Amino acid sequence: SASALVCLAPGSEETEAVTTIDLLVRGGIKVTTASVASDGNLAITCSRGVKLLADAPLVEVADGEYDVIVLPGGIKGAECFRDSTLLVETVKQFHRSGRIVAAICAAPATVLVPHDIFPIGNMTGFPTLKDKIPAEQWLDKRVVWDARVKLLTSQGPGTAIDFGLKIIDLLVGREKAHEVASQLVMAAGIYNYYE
């Protein structure tokens, strides 16, 4: 019954987007993928050339009942998100209606900071873009959850599993996050939610 809206744009980082979708589905979360900044076109070419077909254009699903909106990274994809008025207003509406905003890699510095969507929360993002995140908000951690503003952020392609597991934890509970983690053959170092 939990559901997630995953946004995709030309140039989105395909490992970040796809790993997240896969884990959410494994956790029993219903995923809808939406194309952004493509004028309705569902075929999206990602940052390293992987071509994905989205379920719908964002304009058709932005008003749906979702529990979380996910913004993948990739520099060019995040620039498309930043420059889409519909995307920015949808993110603002998710936050004001008490839902979770989840963003990884380039998306925090490129989308959230320029639009002053989260003037107070803690956030992380891709390390070489650290200087784009106000110093008092930056944390250098694989995943950052700020419950005050319901903002989940993470750093890069190699933290996509950490990112997806924390969404599962927040929406359907720690037991399910551990169940999914136990299917993956995760690296040592990544939290598996057993404790």
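Note that residue numbering follows the sequence shown and begins at 1.
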{"query": "Higher-B stretch (mean Cα B-factor, as the entry records it), 23-31 or 133-141", "finding": "133-141"}
{"query": "Between the two ranges 162-170 and 123-131, the one averaging a larger CA B factor in the entry", "finding": "123-131"}
{"query": "Largest Cα B-factor, entry values, listed residues 70, 62, 54, 46", "finding": "62"}
{"query": "Which of 5, 8, 190, 2 ranks first by CA B-factor in the deposited coordinates", "finding": "2"}
{"query": "B-factor third for the C-alpha atom of residue 147 within its chain", "finding": "middle"}
{"query": "Residue 86, C-alpha B-factor rank within chain (lowest, middle or highest third)", "finding": "highest"}
{"query": "Cα B factor band for residue 117 (lowest, middle or highest third within the chain)", "finding": "highest"}
{"query": "Residue 182, C-alpha B-factor rank within chain (lowest, middle or highest third)", "finding": "middle"}
